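I have placed the structure first, in the form of structure tokens, so that the comments after it can refer back to it.
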Amino acid sequence: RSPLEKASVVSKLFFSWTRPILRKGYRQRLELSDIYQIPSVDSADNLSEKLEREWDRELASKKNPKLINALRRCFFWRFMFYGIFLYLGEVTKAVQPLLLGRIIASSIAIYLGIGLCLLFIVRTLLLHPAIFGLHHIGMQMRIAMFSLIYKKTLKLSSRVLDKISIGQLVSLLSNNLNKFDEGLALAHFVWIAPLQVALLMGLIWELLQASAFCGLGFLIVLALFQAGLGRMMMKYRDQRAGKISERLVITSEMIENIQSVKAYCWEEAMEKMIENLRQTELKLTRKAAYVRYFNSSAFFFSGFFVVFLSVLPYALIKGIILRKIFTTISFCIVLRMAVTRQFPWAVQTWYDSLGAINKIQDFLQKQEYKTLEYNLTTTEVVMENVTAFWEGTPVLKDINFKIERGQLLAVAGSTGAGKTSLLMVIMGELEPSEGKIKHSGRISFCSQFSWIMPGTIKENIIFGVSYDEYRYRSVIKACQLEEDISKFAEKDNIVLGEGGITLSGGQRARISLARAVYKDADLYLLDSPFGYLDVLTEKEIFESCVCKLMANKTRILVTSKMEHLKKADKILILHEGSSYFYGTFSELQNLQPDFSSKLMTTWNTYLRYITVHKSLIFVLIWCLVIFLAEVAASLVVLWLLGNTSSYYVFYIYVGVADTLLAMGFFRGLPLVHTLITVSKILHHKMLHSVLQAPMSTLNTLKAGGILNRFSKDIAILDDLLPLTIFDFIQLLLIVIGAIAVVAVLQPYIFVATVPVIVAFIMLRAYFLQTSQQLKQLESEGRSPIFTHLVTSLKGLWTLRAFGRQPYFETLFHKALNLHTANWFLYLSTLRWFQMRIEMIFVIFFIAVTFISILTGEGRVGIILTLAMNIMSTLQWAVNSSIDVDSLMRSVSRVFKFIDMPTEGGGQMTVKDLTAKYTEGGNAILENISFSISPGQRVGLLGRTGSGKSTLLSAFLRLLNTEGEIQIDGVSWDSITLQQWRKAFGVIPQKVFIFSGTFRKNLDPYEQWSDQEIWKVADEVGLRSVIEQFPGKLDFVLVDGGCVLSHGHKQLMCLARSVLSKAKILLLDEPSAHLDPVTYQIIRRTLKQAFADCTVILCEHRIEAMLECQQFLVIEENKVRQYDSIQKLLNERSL
Ligand SMILES: Cc1ccc(NC(=O)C2(c3ccc4c(c3)OC(F)(F)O4)CC2)nc1-c1cccc(C(=O)O)c1
């Protein structure tokens, strides 16, 4: 079934079976169903059970459950089977320069060249398949662990689950979703790196005769210093972290109230604030970047000293042959690479991996839910001596009841009086330590908060069972659902989405009652499912199935109805956490008559980026001119010396490629600084261009999809991309310079190197298309896992009460396998690309070596000493190219935002008002006309409730609107919008208060006098409500102005409107928002001190706006008018 079960060994080895998708992924787009099936052994269901067997074996064998030592018997052995291969692959790398250091002798060298080419072939065979298998073991680990974690998630008691932090689960799972899988190509370097040195410091001793340690000590100094830079980096990034949240909260707030900023004309204030916050964040990030450059440059200036200090003493004491320079250097590369990068990566990998395993081990131990011994045999359900604590706080006062197998009881009380907790106990999700609460235990549930799964109506109303036509017909016609079935689009199999928004409250309640009464259980706990259906609909359902079809059997509802509780064979009414009274229906309805009566990626992007900043041109030109002149200088000195000991000890500089062309401290820093300044410029201009997009465009961009263009891309553009571009330039420069040096020594390397560089570039272009497409596919394949996780958590109570855990286990396993296919395929194709790269390098080396040998002393030494160890930096250059082309996507999406357009007396007149949300949608008005009168209101009533938001907002020119407005002699044409939208003054239903001090949250432009502000505050009815604040007035209104209440915030907004001398006050929702005392305050303020602003009070109920003088009546698509109540409540309203 898979593509791997049919393949030759050679094809499984050189990754030939991945050819057809590459044969496909080049020419055309991939269709999601083109992804080959998973190999059988990687099926989640075939691994989770295996891992669980060993896990609970570790649990039941000892009382120190080291999960890692339950893994050590699952995968460990194949782990060794790949570790030994990797060890051999690295010993080959270490020992090859010895077979290099014999052919400098010159006959007897060609044979060693053949052997060395075979050494390259051995390395390129033993590395890549072993690394791929290791990554495969990593993927198996991740899948098995996720399956166990999920399967466990549906076993937690509720006492601990409602106490876990909602973000803990998502962070825990997603943390090791990509990292941990690749965190096994670097595990064996905990005992590879040591064996390499205890090998190397043998051979080098055999060469130096006294001086081994003198270089290892330098490497220890260097590595310790470089790691010490780690904390001096992390401290800066820590200090920046919370500061990023401080910058981000105001951006989120602004994004979430954009139409307020547009109406108040505050664009410049927000821009200035965002700048003044970002300044110091850039300060810290720039410091961090300089430190990180020092870090990455220490590794590049190692390669010279690591050999100069190891060569200096023995050279001093005795003259050294030249063979012991070109040879030792080729060891010095490996040793450096095996104590500075390979070791700390292994150490960090084990830290992080064992930390994550510690976390998961500490997870699986948590308190485990148990399903009670039910459905064995039982008569009438009995709940005797029931005492339960909502956290010793008694939600139940030792209650008891016997409910007959067929009878009917009804609970009632205050909302959440613990009767819900009493059911969640009788439902077995809360454990009361008192008494005996038990039943037959075959119970169905219908919770107050319905959940909607993914699938058709038959699915959410079956939950994994057959469909009986009589049962479905009775339910639908009974649950007010035969209409709800038929009325739908396809009417029987609507392919539903998630969230439940596709239906209303009534449809959702019908669906929940259906899922409840679907199958027959010895009890039906319907926790007030009749609370979202209409009263007549409630009576319909009660007469239909609630009190008709499931009443002939046992049932225990929880309802607060005055009519329903009458007909139940028992009643239990509770207050103050205890039953006020209860008993039989007649006895309860009589035992308290008073109480009973009371209760009821293009080169456009590259060039654009590189030329956003006229200093980047200069930095690149300088960096390249210095590189070119340095190549020329080293080449001329090489020729001069090629055609006192310092003469021949010069060779140690050119003889190492790295330090020749490594970015000096006077050239590598300004590039890193310039990139960060480019990030600032781009961020500022994106902000400027998202504060002026026309509002009929922003509407398309859903609100969650703009903040992520700030908190994600700009973070990348600050931290990641500058370093990656720096490393790419450094590595490409090194490679090209070394290849130039190799070329000039004899001019046959050039004409062979051209059809090798062409091959590299062609292969890279042939691969990246498929790699990027498969990356994207994996990206959208990751989402349904978390969707299913959310759906599982939300409906856990009902899920467990049904008893349908395995079905969802299988569904989650399906989603897992569906992601696993894409991941496995991407991994395999990446490794194929690496193999082809290294093989092409190997043929290039065959060419260089044989051409050089078959045609001096320093010539051969330098040629070979570069063409041997350039491969590592070449592979880094290729991987860095991949990473930079990946990271440029953020720049591309940023430029997407960069390209949006800018938006554009008291008496007045209005005509021809065309308005809609989109360009040409539903006409908000049809040539609406009116007169705006002097010094008196114009009430907006009539069809108030058909939407006054359209005309109200379009009066501020903040919708897809155009037409005719003429205010006091001026029109909507001449004056600038930023000076026209300020004449009108909004009084929004949701007042905006920036997270800052009062002087800035009320007068953000800061053009007022503090005494003027004090006067405008006191006279506007806020002095009292502002006297109770910290300090005097500088209170930082943190967390969205939580302290103030609707009345105080409304008065503040009113003062902010009174500030700029607004000549129109379109106040909306007077009584809905204001409290009663606050309503009196607002009325007495606006009528008295806002006396002569031509307000338009637009409230739905006519009783709120009947007071105003005129009435510009409201009516859909035609704004009729009755100038006075002499016809208003007689013609428009009647
Ligand atoms: C005693 C022993 C035997 C074998 C192993 N190897 C493993 O099990 C495997 C593994 C697991 C997680 C990893 C990892 C490698 O590499 C990583 F990616 F970094 O994370 C299957 C290879 N490990 C140990 C061991 C080590 C350290 C501590 C303990 C302990 O009992 O505390 C036990």
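Residue numbers start at 1 in each chain; chains themselves are named A, B, ... in the order of the structure tokens; ligands are numbered from 1 in the order shown.
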Go through chain A and flag each residue having an atom no more than 7 Å from ligand 1; for those, report the closest pair of atoms plus their distance in Å to one decimal, using only C-alpha atoms and all ligand atoms, ordered by chain and rising number, as a Markdown table.
```
| residue | atom | partner | partner_atom_place_in_ligand_line | distance |
| --- | --- | --- | --- | --- |
| A:66 | CA | ligand 1 | 31 (O) | 6.0 |
| A:68 | CA | ligand 1 | 8 (O) | 5.5 |
| A:69 | CA | ligand 1 | 31 (O) | 5.5 |
| A:71 | CA | ligand 1 | 8 (O) | 5.1 |
| A:72 | CA | ligand 1 | 8 (O) | 3.9 |
| A:75 | CA | ligand 1 | 21 (C) | 4.9 |
| A:76 | CA | ligand 1 | 21 (C) | 3.8 |
| A:79 | CA | ligand 1 | 22 (C) | 5.3 |
| A:180 | CA | ligand 1 | 18 (F) | 6.4 |
| A:183 | CA | ligand 1 | 18 (F) | 4.6 |
| A:184 | CA | ligand 1 | 18 (F) | 4.6 |
| A:187 | CA | ligand 1 | 16 (O) | 4.9 |
| A:349 | CA | ligand 1 | 19 (F) | 5.1 |
| A:350 | CA | ligand 1 | 19 (F) | 4.0 |
| A:353 | CA | ligand 1 | 20 (O) | 4.5 |
| A:354 | CA | ligand 1 | 20 (O) | 6.0 |
```
Would you kindly return, as a list in words, each protein, DNA or RNA residue with an atom no farther than 12 Å from any atom of residue 885 of chain A, considering only C-alpha atoms and excluding same-chain residues fewer than 4 positions away? residues 601, 602, 603, 605, 606, 721, 724, 725, 728, 764, 765, 768, 769, 771, 772, 878, 879, 880, 881, 889, 890, 891 and 892 of chain A
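Using only C-alpha atoms, the contacts of segment 17-25 of chain A at a cut-off of 8 Å, with sequence neighbours closer than 3 positions omitted, comprise residues 3, 4, 7, 11, 12, 28, 29, 30, 767, 769, 770, 773, 828, 829 and 832 of chain A.
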Excluding same-chain residues fewer than 3 positions from residue 100 of chain A, what lies within 12 Å of it counting only C-alpha atoms, as a PDB file with N, CA, C and O atoms, in the first residue's frame?
```pdb
ATOM      1  N   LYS A  93      35.669  10.928   8.500  1.00  0.00           N
ATOM      2  CA  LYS A  93      36.004  12.342   8.372  1.00  0.00           C
ATOM      3  C   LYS A  93      37.272  12.676   9.139  1.00  0.00           C
ATOM      4  O   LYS A  93      38.099  13.467   8.673  1.00  0.00           O
ATOM      5  N   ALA A  94      37.438  12.087  10.322  1.00  0.00           N
ATOM      6  CA  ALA A  94      38.611  12.397  11.131  1.00  0.00           C
ATOM      7  C   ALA A  94      39.884  11.821  10.521  1.00  0.00           C
ATOM      8  O   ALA A  94      40.938  12.462  10.559  1.00  0.00           O
ATOM      9  N   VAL A  95      39.813  10.606   9.966  1.00  0.00           N
ATOM     10  CA  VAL A  95      41.021   9.914   9.515  1.00  0.00           C
ATOM     11  C   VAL A  95      41.422  10.207   8.076  1.00  0.00           C
ATOM     12  O   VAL A  95      42.562   9.899   7.698  1.00  0.00           O
ATOM     13  N   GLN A  96      40.536  10.773   7.256  1.00  0.00           N
ATOM     14  CA  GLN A  96      40.920  11.054   5.872  1.00  0.00           C
ATOM     15  C   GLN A  96      42.141  11.968   5.716  1.00  0.00           C
ATOM     16  O   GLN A  96      42.968  11.689   4.826  1.00  0.00           O
ATOM     17  N   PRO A  97      42.333  13.044   6.494  1.00  0.00           N
ATOM     18  CA  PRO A  97      43.515  13.892   6.264  1.00  0.00           C
ATOM     19  C   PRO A  97      44.837  13.168   6.447  1.00  0.00           C
ATOM     20  O   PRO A  97      45.852  13.644   5.925  1.00  0.00           O
ATOM     21  N   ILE A 103      50.431  12.262   0.071  1.00  0.00           N
ATOM     22  CA  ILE A 103      50.598  12.596  -1.343  1.00  0.00           C
ATOM     23  C   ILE A 103      51.214  13.966  -1.568  1.00  0.00           C
ATOM     24  O   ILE A 103      51.425  14.352  -2.724  1.00  0.00           O
ATOM     25  N   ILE A 104      51.509  14.715  -0.503  1.00  0.00           N
ATOM     26  CA  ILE A 104      52.342  15.902  -0.644  1.00  0.00           C
ATOM     27  C   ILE A 104      53.787  15.504  -0.930  1.00  0.00           C
ATOM     28  O   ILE A 104      54.576  16.328  -1.408  1.00  0.00           O
ATOM     29  N   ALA A 105      54.133  14.233  -0.690  1.00  0.00           N
ATOM     30  CA  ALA A 105      55.490  13.746  -0.925  1.00  0.00           C
ATOM     31  C   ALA A 105      56.018  14.154  -2.293  1.00  0.00           C
ATOM     32  O   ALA A 105      57.159  14.616  -2.404  1.00  0.00           O
ATOM     33  N   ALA A 109      50.997   8.157  -5.491  1.00  0.00           N
ATOM     34  CA  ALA A 109      50.002   9.049  -4.910  1.00  0.00           C
ATOM     35  C   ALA A 109      48.616   8.829  -5.503  1.00  0.00           C
ATOM     36  O   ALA A 109      47.612   9.032  -4.810  1.00  0.00           O
ATOM     37  N   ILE A 110      48.543   8.423  -6.772  1.00  0.00           N
ATOM     38  CA  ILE A 110      47.258   8.219  -7.429  1.00  0.00           C
ATOM     39  C   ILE A 110      46.409   7.211  -6.668  1.00  0.00           C
ATOM     40  O   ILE A 110      45.202   7.420  -6.477  1.00  0.00           O
ATOM     41  N   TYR A 111      47.015   6.109  -6.230  1.00  0.00           N
ATOM     42  CA  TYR A 111      46.284   5.089  -5.490  1.00  0.00           C
ATOM     43  C   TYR A 111      45.635   5.672  -4.246  1.00  0.00           C
ATOM     44  O   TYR A 111      44.484   5.345  -3.927  1.00  0.00           O
ATOM     45  N   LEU A 112      46.347   6.555  -3.548  1.00  0.00           N
ATOM     46  CA  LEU A 112      45.775   7.219  -2.387  1.00  0.00           C
ATOM     47  C   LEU A 112      44.663   8.181  -2.776  1.00  0.00           C
ATOM     48  O   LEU A 112      43.706   8.346  -2.017  1.00  0.00           O
ATOM     49  N   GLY A 113      44.752   8.805  -3.952  1.00  0.00           N
ATOM     50  CA  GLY A 113      43.643   9.619  -4.422  1.00  0.00           C
ATOM     51  C   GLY A 113      42.388   8.799  -4.659  1.00  0.00           C
ATOM     52  O   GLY A 113      41.280   9.221  -4.308  1.00  0.00           O
ATOM     53  N   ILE A 114      42.544   7.619  -5.265  1.00  0.00           N
ATOM     54  CA  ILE A 114      41.406   6.719  -5.435  1.00  0.00           C
ATOM     55  C   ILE A 114      40.840   6.317  -4.080  1.00  0.00           C
ATOM     56  O   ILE A 114      39.620   6.336  -3.866  1.00  0.00           O
ATOM     57  N   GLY A 115      41.715   5.945  -3.144  1.00  0.00           N
ATOM     58  CA  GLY A 115      41.252   5.596  -1.814  1.00  0.00           C
ATOM     59  C   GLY A 115      40.509   6.728  -1.138  1.00  0.00           C
ATOM     60  O   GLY A 115      39.532   6.496  -0.424  1.00  0.00           O
ATOM     61  N   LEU A 116      40.934   7.967  -1.376  1.00  0.00           N
ATOM     62  CA  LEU A 116      40.310   9.108  -0.715  1.00  0.00           C
ATOM     63  C   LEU A 116      38.954   9.430  -1.337  1.00  0.00           C
ATOM     64  O   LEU A 116      38.005   9.805  -0.633  1.00  0.00           O
ATOM     65  N   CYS A 117      38.846   9.306  -2.659  1.00  0.00           N
ATOM     66  CA  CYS A 117      37.534   9.390  -3.288  1.00  0.00           C
ATOM     67  C   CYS A 117      36.587   8.337  -2.722  1.00  0.00           C
ATOM     68  O   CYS A 117      35.429   8.643  -2.405  1.00  0.00           O
ATOM     69  N   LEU A 119      36.830   7.178   0.213  1.00  0.00           N
ATOM     70  CA  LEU A 119      36.510   7.662   1.554  1.00  0.00           C
ATOM     71  C   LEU A 119      35.324   8.615   1.520  1.00  0.00           C
ATOM     72  O   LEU A 119      34.424   8.535   2.366  1.00  0.00           O
ATOM     73  N   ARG A 323      55.028  19.443   5.224  1.00  0.00           N
ATOM     74  CA  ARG A 323      53.961  18.448   5.254  1.00  0.00           C
ATOM     75  C   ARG A 323      53.182  18.513   6.558  1.00  0.00           C
ATOM     76  O   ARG A 323      51.986  18.203   6.590  1.00  0.00           O
ATOM     77  N   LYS A 324      53.831  18.928   7.642  1.00  0.00           N
ATOM     78  CA  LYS A 324      53.170  19.030   8.933  1.00  0.00           C
ATOM     79  C   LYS A 324      52.535  20.393   9.156  1.00  0.00           C
ATOM     80  O   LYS A 324      52.362  20.804  10.307  1.00  0.00           O
ATOM     81  N   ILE A 325      52.197  21.097   8.081  1.00  0.00           N
ATOM     82  CA  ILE A 325      51.351  22.282   8.134  1.00  0.00           C
ATOM     83  C   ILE A 325      50.044  22.050   7.390  1.00  0.00           C
ATOM     84  O   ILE A 325      48.961  22.235   7.944  1.00  0.00           O
ATOM     85  N   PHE A 326      50.135  21.650   6.119  1.00  0.00           N
ATOM     86  CA  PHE A 326      48.945  21.352   5.330  1.00  0.00           C
ATOM     87  C   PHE A 326      48.199  20.144   5.884  1.00  0.00           C
ATOM     88  O   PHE A 326      47.001  19.977   5.628  1.00  0.00           O
ATOM     89  N   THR A 327      48.896  19.269   6.608  1.00  0.00           N
ATOM     90  CA  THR A 327      48.228  18.124   7.214  1.00  0.00           C
ATOM     91  C   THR A 327      47.525  18.525   8.506  1.00  0.00           C
ATOM     92  O   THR A 327      46.319  18.304   8.664  1.00  0.00           O
ATOM     93  N   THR A 328      48.267  19.136   9.433  1.00  0.00           N
ATOM     94  CA  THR A 328      47.710  19.468  10.741  1.00  0.00           C
ATOM     95  C   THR A 328      46.494  20.373  10.613  1.00  0.00           C
ATOM     96  O   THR A 328      45.505  20.203  11.337  1.00  0.00           O
ATOM     97  N   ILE A 329      46.531  21.316   9.667  1.00  0.00           N
ATOM     98  CA  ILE A 329      45.389  22.199   9.462  1.00  0.00           C
ATOM     99  C   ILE A 329      44.121  21.405   9.178  1.00  0.00           C
ATOM    100  O   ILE A 329      43.050  21.736   9.700  1.00  0.00           O
ATOM    101  N   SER A 330      44.218  20.319   8.410  1.00  0.00           N
ATOM    102  CA  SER A 330      43.018  19.564   8.086  1.00  0.00           C
ATOM    103  C   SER A 330      42.507  18.763   9.272  1.00  0.00           C
ATOM    104  O   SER A 330      41.341  18.355   9.269  1.00  0.00           O
ATOM    105  N   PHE A 331      43.349  18.520  10.278  1.00  0.00           N
ATOM    106  CA  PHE A 331      42.828  18.047  11.555  1.00  0.00           C
ATOM    107  C   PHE A 331      42.208  19.194  12.336  1.00  0.00           C
ATOM    108  O   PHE A 331      41.149  19.035  12.954  1.00  0.00           O
ATOM    109  N   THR A 849      40.900  16.852  -7.545  1.00  0.00           N
ATOM    110  CA  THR A 849      42.043  16.076  -7.080  1.00  0.00           C
ATOM    111  C   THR A 849      42.809  15.459  -8.240  1.00  0.00           C
ATOM    112  O   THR A 849      44.042  15.562  -8.307  1.00  0.00           O
ATOM    113  N   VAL A 860      49.989  22.176  -4.707  1.00  0.00           N
ATOM    114  CA  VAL A 860      49.185  21.003  -4.381  1.00  0.00           C
ATOM    115  C   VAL A 860      48.663  21.099  -2.957  1.00  0.00           C
ATOM    116  O   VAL A 860      47.500  20.781  -2.682  1.00  0.00           O
ATOM    117  N   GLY A 861      49.514  21.549  -2.034  1.00  0.00           N
ATOM    118  CA  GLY A 861      49.097  21.639  -0.644  1.00  0.00           C
ATOM    119  C   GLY A 861      47.892  22.541  -0.462  1.00  0.00           C
ATOM    120  O   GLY A 861      46.897  22.149   0.149  1.00  0.00           O
ATOM    121  N   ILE A 862      47.950  23.746  -1.028  1.00  0.00           N
ATOM    122  CA  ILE A 862      46.839  24.679  -0.881  1.00  0.00           C
ATOM    123  C   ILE A 862      45.604  24.166  -1.611  1.00  0.00           C
ATOM    124  O   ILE A 862      44.494  24.175  -1.057  1.00  0.00           O
ATOM    125  N   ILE A 863      45.771  23.703  -2.854  1.00  0.00           N
ATOM    126  CA  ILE A 863      44.626  23.230  -3.630  1.00  0.00           C
ATOM    127  C   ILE A 863      43.875  22.161  -2.853  1.00  0.00           C
ATOM    128  O   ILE A 863      42.651  22.234  -2.679  1.00  0.00           O
ATOM    129  N   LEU A 864      44.605  21.180  -2.330  1.00  0.00           N
ATOM    130  CA  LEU A 864      43.957  20.072  -1.649  1.00  0.00           C
ATOM    131  C   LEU A 864      43.405  20.503  -0.299  1.00  0.00           C
ATOM    132  O   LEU A 864      42.305  20.094   0.090  1.00  0.00           O
ATOM    133  N   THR A 865      44.148  21.339   0.429  1.00  0.00           N
ATOM    134  CA  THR A 865      43.719  21.736   1.763  1.00  0.00           C
ATOM    135  C   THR A 865      42.462  22.594   1.719  1.00  0.00           C
ATOM    136  O   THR A 865      41.727  22.669   2.708  1.00  0.00           O
ATOM    137  N   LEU A 866      42.167  23.210   0.574  1.00  0.00           N
ATOM    138  CA  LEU A 866      40.887  23.907   0.464  1.00  0.00           C
ATOM    139  C   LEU A 866      39.800  23.007  -0.118  1.00  0.00           C
ATOM    140  O   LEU A 866      38.660  22.995   0.379  1.00  0.00           O
ATOM    141  N   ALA A 867      40.120  22.252  -1.175  1.00  0.00           N
ATOM    142  CA  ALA A 867      39.097  21.438  -1.818  1.00  0.00           C
ATOM    143  C   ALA A 867      38.672  20.261  -0.952  1.00  0.00           C
ATOM    144  O   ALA A 867      37.670  19.609  -1.255  1.00  0.00           O
ATOM    145  N   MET A 868      39.397  19.978   0.129  1.00  0.00           N
ATOM    146  CA  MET A 868      38.982  18.892   1.008  1.00  0.00           C
ATOM    147  C   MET A 868      37.958  19.355   2.029  1.00  0.00           C
ATOM    148  O   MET A 868      36.942  18.684   2.242  1.00  0.00           O
ATOM    149  N   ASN A 869      38.214  20.481   2.685  1.00  0.00           N
ATOM    150  CA  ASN A 869      37.371  20.920   3.781  1.00  0.00           C
ATOM    151  C   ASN A 869      36.482  22.098   3.424  1.00  0.00           C
ATOM    152  O   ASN A 869      35.984  22.768   4.335  1.00  0.00           O
TER     153      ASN A 869
END
```
Near-residue 1038 of chain A list (10 Å; only C-alpha atoms; drop same-chain fewer than 3 positions) as a ChimeraX atom specification: /A:249,993-997,1035,1041-1043
Neighbours of residue 588 of chain A within 9 Å (only C-alpha atoms; same-chain residues fewer than 5 positions away dropped), as a PDB file with N, CA and C atoms, in the first residue's frame?
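Heads up, here's the output in selection_0.pdb:
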```
ATOM      1  N   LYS A 570     -42.190  14.060  41.500  1.00  0.00           N
ATOM      2  CA  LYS A 570     -41.493  14.584  42.666  1.00  0.00           C
ATOM      3  C   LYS A 570     -40.951  15.968  42.346  1.00  0.00           C
ATOM      4  N   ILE A 571     -40.746  16.768  43.387  1.00  0.00           N
ATOM      5  CA  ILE A 571     -40.221  18.117  43.234  1.00  0.00           C
ATOM      6  C   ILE A 571     -39.209  18.382  44.340  1.00  0.00           C
ATOM      7  N   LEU A 572     -38.101  19.031  43.972  1.00  0.00           N
ATOM      8  CA  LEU A 572     -37.063  19.375  44.952  1.00  0.00           C
ATOM      9  C   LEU A 572     -36.577  20.795  44.652  1.00  0.00           C
ATOM     10  N   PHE A 581     -37.830  22.877  50.652  1.00  0.00           N
ATOM     11  CA  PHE A 581     -38.769  21.806  50.945  1.00  0.00           C
ATOM     12  C   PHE A 581     -38.796  20.876  49.744  1.00  0.00           C
ATOM     13  N   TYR A 582     -39.340  19.679  49.951  1.00  0.00           N
ATOM     14  CA  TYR A 582     -39.435  18.682  48.896  1.00  0.00           C
ATOM     15  C   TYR A 582     -40.256  17.510  49.409  1.00  0.00           C
ATOM     16  N   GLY A 583     -40.546  16.581  48.504  1.00  0.00           N
ATOM     17  CA  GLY A 583     -41.332  15.412  48.840  1.00  0.00           C
ATOM     18  C   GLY A 583     -42.075  14.875  47.637  1.00  0.00           C
ATOM     19  N   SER A 596     -45.297  28.300  48.342  1.00  0.00           N
ATOM     20  CA  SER A 596     -45.651  27.706  47.056  1.00  0.00           C
ATOM     21  C   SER A 596     -46.275  28.736  46.123  1.00  0.00           C
TER      22      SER A 596
END
```
Tell me which protein, DNA and RNA residues are within 7 Å of residue 135 of chain A, counting only C-alpha atoms, leaving out same-chain ones fewer than 2 positions away, and put them as a PyMOL selection string. chain A and resi 131-133+137-139+181-182+184-185
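Atom pair atom CA of residue 1066 of chain A / atom CA of residue 1099 of chain A has a distance of 11.1 Å (rounded to one decimal).
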What are the DSSP strand (DSSP E or B) residues of segment 848-946 of chain A, as a PyMOL selection string? chain A and resi 908-916+928-932+938-939+942
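Minimum distance to residue 303 of chain A across A:706, A:1072, A:656, A:599 (counting only C-alpha atoms) occurs at A:656.
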Based on the backbone DSSP call, show me all residues of segment 420-622 of chain A assigned helix (DSSP H, G or I), as a PyMOL selection string. chain A and resi 420-426+457-460+469-478+482-486+505-517+529-531+535-546+565-567+585-588+593-599+603-610+614-622
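In this comparison, which uses only C-alpha atoms, the residue of A:586, A:1049, A:1000, A:992 approaching residue 257 of chain A most closely is A:992.
The gap separating atom CA of residue 1068 of chain A from atom CA of residue 926 of chain A is 22.5 Å, in Å to one decimal.
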Nearest to residue 948 of chain A, chosen from A:1117, A:907, A:378, A:211, with only C-alpha atoms counted in the distances: A:1117
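Considering the residues A:453, A:306, A:465, A:32 and counting only C-alpha atoms, residue 496 of chain A has its shortest atom-to-atom contact with A:453.
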